[PDB]
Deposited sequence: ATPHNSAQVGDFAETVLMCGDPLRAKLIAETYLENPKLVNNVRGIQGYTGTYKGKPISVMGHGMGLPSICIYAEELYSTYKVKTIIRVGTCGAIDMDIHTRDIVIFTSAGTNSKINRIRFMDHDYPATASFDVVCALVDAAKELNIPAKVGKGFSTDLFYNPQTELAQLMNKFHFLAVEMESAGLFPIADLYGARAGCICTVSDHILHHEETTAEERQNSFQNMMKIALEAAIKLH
């Protein structure tokens, strides 16, 4: 019922986990949901609606990059009346004290122009919902997994011609880099809904985890 989603109003749990990799969405179909009903495979995007400890979850891939996640997220909140999107994903460390760890974003800077286009060319600060951030932090806490908490940078360019930037992000204690959150968070605000992100280091840009990250995300889903 949307150019990128065949599923119908109700086919989606009020809470969706989303990742970049569509095969990873399946992995957790599949490895945590009970009664994994496929609900979207347009563009092979692996949409599922299920339950975890009796609560209706969903998982789905979002594509690599802001423009992609901006498509999915807007559709989910608007059409499929989703209340909460948590991006579980991978990212690259900037902070010298973060290592191949779990990171929970409070916000995400960006080199994209998308937020300038939706905000009269001023600075929109892309902020994770304080609800969700707390939810993730807490869960991480119960399950006794260390998590870092802080800023992300959503890059439009995985191979960044602007090489002086990794260091500058370091200088300002940016935690890590990925390519989607700065797109998500303001869509969430726009629909009065909520979003958050987390959060695993799969490489360091200045020189188990899947399981931990997913238990935290799922435990957190529950509180929300």
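Stretches of the deposited sequence lacking C-alpha coordinates, numbered from 1: 101, 209-218, 236.
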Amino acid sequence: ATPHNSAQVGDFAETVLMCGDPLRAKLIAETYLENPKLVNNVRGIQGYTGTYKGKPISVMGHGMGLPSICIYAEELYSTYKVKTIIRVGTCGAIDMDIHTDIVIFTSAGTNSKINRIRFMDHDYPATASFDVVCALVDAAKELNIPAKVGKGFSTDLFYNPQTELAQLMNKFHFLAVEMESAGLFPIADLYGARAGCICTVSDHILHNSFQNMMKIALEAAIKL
From here on, numbers count along this sequence of modelled residues.
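Stretch comparison (89-97 versus 122-130) by mean CA B-factor in the PDB entry places 89-97 on top.
Two stretches are in play, 75-83 and 107-115, and the higher mean C-alpha B-factor belongs to 75-83. Across 188, 28, 165, 175, the greatest Cα temperature factor reported in the deposited entry is at 28. The PDB entry assigns the greatest CA B-factor among 67, 54, 196, 161 to 54. In this PDB entry, residue 170 carries a Cα temperature factor that places it within the lowest third of its chain's modelled residues. When the CA B factors of the chain's modelled residues are split into thirds, the value for residue 46 lands in the middle one. Sort the modelled residues of the chain by CA B factor and residue 61 lands in the middle third. In this PDB entry, the Cα temperature factor of residue 151 sits in the bottom third of its chain's modelled residues, the lowest group.
For residue 183, the recorded CA B-factor ranks within the lowest third of the chain. Only modelled residues enter the ranking.
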